[PDB]
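Peer 1: Structure for this input, please:
(chains A, B and C)
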Amino acid sequence: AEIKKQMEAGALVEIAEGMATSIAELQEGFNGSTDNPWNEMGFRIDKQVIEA
Amino acid sequence: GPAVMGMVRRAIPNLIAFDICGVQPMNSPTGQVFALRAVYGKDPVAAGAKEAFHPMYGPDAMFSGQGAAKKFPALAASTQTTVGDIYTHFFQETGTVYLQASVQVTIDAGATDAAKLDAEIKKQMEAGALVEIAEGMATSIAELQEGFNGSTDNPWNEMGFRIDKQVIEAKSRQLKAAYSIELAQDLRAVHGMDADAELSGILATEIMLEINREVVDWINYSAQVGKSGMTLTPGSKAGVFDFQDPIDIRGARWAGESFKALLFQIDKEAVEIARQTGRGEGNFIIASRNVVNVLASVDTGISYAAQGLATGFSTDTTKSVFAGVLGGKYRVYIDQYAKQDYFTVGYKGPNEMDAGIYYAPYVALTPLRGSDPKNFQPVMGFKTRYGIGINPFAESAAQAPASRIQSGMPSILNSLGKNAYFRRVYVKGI
Amino acid sequence: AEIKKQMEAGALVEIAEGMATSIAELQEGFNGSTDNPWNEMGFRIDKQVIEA
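Peer 2: Residues are numbered from 1 along each chain as shown, chains lettered A, B, ... in the order given. Here you go, the structure:
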């Protein structure tokens, strides 16, 4: 609730932004760089049963 | 196979694409846009330079006229006017105004900020103390302009223009799956999944969703707040439209007549946008699903009163996000992820460079594939790069930028709450 | 009335279901009359008369 109040106030504003090429270009320790991995996605699979 | 009951998964939400913004396909990174600003005062690029044209400011009605010969006293806090003289003031909005004094009175000696001074001047104008005025220059003066017949200090006012520009740069985004062989094999044996293709889908999807979501957020981020200033009802709550408060509905009760109040405010906000951009009445709205439910259930045409089911515009966010066209005038999209309840309106022209907000793709969804020999597990992923930007003049408050060059990319300083093309409305009470 | 209040309150919820597969395992091998009796139903009758 308090965060939303600050949002209404315009104090806090929704944002998103991309990565610089200067970073992305050498991501995952490329060219001697380090500590800069990619983010990754996968999935999980599960199951459920029903007594008849 | 102990009676497998099929399987489920989530559906993928749709997008508003770039229907309400510039698209600027690029064939290179880092493009540029420039602009011409008609300017006067003998130095197109200068502090205090004045633009010849601007949606929010009146013209200097006496520039080619009497002001060529003489300066006018400015209005200022605490000064006293002289009946019959003419005073000048540049307002924070409505711009250059010349006011003849009908009376000998003072103006708010206690005023501080220009906003307070402007307010008192406006009151004096309403009061009939100060009246808008303009006139040409006495011809006997004009006669000797450029030093004729021994005269001096009589140049004609001059005009010109200043061309400047802004540039953009593309930022990027990439994701990988980093999955395993054994899982994929089991999935082939459970549902017949490829388990690489499904992942490819997910990653590409997420990227596209993020980008589109980012555009919407940038719209919200740069949009000005409505029900304010020139669109404000003075007894209102400043930026928010209620249904539980008669001030916003002109005393309405009876939804068939009450709900129309919002439509009225929407037009006001759309019109003000034209006032801000100089291009045209807003032609598109994006709003919370609750807002749309109201819009779709009210007769938006002009009639005595009318209410029914929400059938006027698609309301789902499961087939589309595009609800339809409001009154046959505005393109209605649903903010399927609205944080509270509200609605942004704005205007986008037929000219791709006329949008306020621009998307400019250069690289998109490039697939990548390989495997790590240490365990030979597959690696797959996708990359995109584009960049976005804003309209020169989107701020509109300033007639011109510093140093004749600026980033065309959004930033707090460049556009938070400033963009002439869009206005925000908070909604409560549905 | 009080039960309804509790139902509206969500304290009491109307529900019904089948018996069990832990039961069906035996019922199937009965497979009719047994020592784990079934509920049974039929019909009665009625009639009325009139006078001229």
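Peer 1: from memory residue A:23 sits against residue A:36, does it?
Peer 2: Yes. Counting by CB atoms under 8 Å, residue A:23 touches residue A:36, with 7.1 Å between them. No exception for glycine: its C-beta is placed from N, CA and C like everyone else's.
Peer 1: check contacts around the residue nearest to the spatial centre of chain A.
Peer 2: Centroid-nearest residue in chain A, with CA atoms, centre = their mean: residue A:39, separated by 7.2 Å. Contacts for residue A:39 (CB atoms under 8 Å, 6 or more residues apart in numbering or on different chains) come out as B:175-176.
Peer 1: can you rerun that using 7 Å?
Peer 2: Applying CB atoms under 7 Å, 6 or more residues apart in numbering or on different chains to residue A:39 gives the contacts residue B:175.
Peer 1: Kindly state the beta-bridge partners for it.
Peer 2: Judged by DSSP bridges, the bridge partners of residue A:39 are residue B:175.
Peer 1: I'd like to know how far it sits from residue A:19.
Peer 2: 10 Å (CB to CB, to the nearest Å).
Peer 1: Where does chain A get nearest to chain B, residue-wise?
Peer 2: Closest to chain B within chain A is residue A:18: 3.0 Å, counting by CB to the nearest CB.
Peer 1: show me the contacts for that residue.
Peer 2: The contact partners of residue A:18, by CB under 7 Å, 6+ apart, come to B:171-173.
Peer 1: measure stretch A:36-52 end to end?
Peer 2: End-to-end span of stretch A:36-52 (CA to CA, to the nearest Å): 52 Å.
Peer 1: now it, how far from the chain's geometric center?
Peer 2: When C-alpha coordinates are averaged (CA atoms, centre = their mean, to the nearest Å), stretch A:36-52 and its chain have centres 18 Å apart.
Peer 1: Could you tell me how many residues sit around residue A:25?
Peer 2: 12 (other CB atoms under 10 Å in any protein chain shown).
Peer 1: Then residue A:41?
Peer 2: By the criterion of other CB under 10 Å, residue A:41 has 15 neighbours.
Peer 1: next one: phi and psi at it?
Peer 2: phi -130, psi 150 (degrees, to the nearest 10).
Peer 1: what sits against it?
Peer 2: Residue A:41 neighbours (CB under 7 Å, 6+ apart): B:175, B:177, B:202-203, B:206.
Peer 1: make it 6 Å
Peer 2: Residue A:41 makes contacts with B:175, B:202-203, as judged by CB atoms under 6 Å, 6 or more residues apart in numbering or on different chains.
Peer 1: how about chain A, which residue sits the furthest from its center?
Peer 2: In terms of distance from the mean C-alpha position of chain A, residue A:52 ranks first, at 42.5 Å (CA atoms, centre = their mean).
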